[PDB]
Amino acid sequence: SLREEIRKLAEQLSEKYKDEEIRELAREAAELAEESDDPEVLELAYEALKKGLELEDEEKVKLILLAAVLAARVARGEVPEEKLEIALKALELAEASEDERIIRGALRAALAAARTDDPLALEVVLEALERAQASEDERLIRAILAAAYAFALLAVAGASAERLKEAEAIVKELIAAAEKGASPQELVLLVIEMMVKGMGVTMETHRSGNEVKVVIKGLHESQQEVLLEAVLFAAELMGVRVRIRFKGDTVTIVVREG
């Protein structure tokens, strides 16, 4: 009755947490295990659901469950191995950290990557997370996570291969900048640049005192939503305050190192 026991763990995990994402991942893990005649998929699903009940951090719960679901789907040939590799590397970053910015950033990047099938984009995200894990500097890790997530959002939003290649160049610039000691504000600025280039527009940067103000004209509000999601999450990862203003078709982003 192993598969039914796995389902029981999923029901207790679903009673422990009311979160919609944990409940759906738990339901998917239970169902994939119940549909499997593979005793190793049952083994991983059992242990992932058992650790999920032992962990205190609900964001690490999500990471553990996402990796199990992706592993079960790789066992059925349903998803590319790169998505599992990304989830596992993200889990590795999260388990090495007490900083919830890194834990949440690792999950966001893994979930955003799970939403694209572009092989080129998956390899960029995986290489980014691998470079993060090869770091002792949690400051660099947070910068890389912000860049990887921003890049993955552009892929999910359907940016062209040429624009993703341009965004990938900015990912590399951002990582090199962080290694050289760029400020948190400057790293958030680089994420804005990545999104602006990835959406084919231009930006006008003003630096008054210690603030950075970016005026972006010519974005559709659907593009504005994706850009601001990337930038606001980057600001959370970098511990920087951002304030937004909309005037007409123009978005203005104020970045304060705070």
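Note that residue numbering begins at 1 and tracks the sequence as displayed.
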Requested in this report: Quick one: say whether 25-33 or 44-52 has the higher mean Cα B-factor in the deposited entry.
Outcome: 44-52
Query raised in the report: Which has higher Cα B-factors on average according to the PDB entry: 187-195 or 206-214?
Result: 206-214
Query raised in the report: Looking at 85, 100, 78, 137, which has the highest Cα B-factor in the entry?
Result: 137
Requested in this report: In terms of CA temperature factor as recorded, identify the highest of 172, 131, 108, 163.
Outcome: 163
Requested in this report: Can you work out whether the C-alpha temperature factor of residue 241 puts it in the lowest, middle or highest third of the chain?
Outcome: lowest
Requested in this report: Could you tell me which third, lowest, middle or highest, the C-alpha B-factor of residue 73 occupies within its chain?
Outcome: middle
Report summary line: Chain-relative C-alpha B factor for residue 65 (record values, thirds): the middle
Requested in this report: For residue 127, return the chain-relative third of its C-alpha B-factor as stated in the PDB record: lowest, middle or highest.
Outcome: lowest
Query raised in the report: Mind checking which third residue 230 falls in for C-alpha B-factor across the chain?
Result: lowest
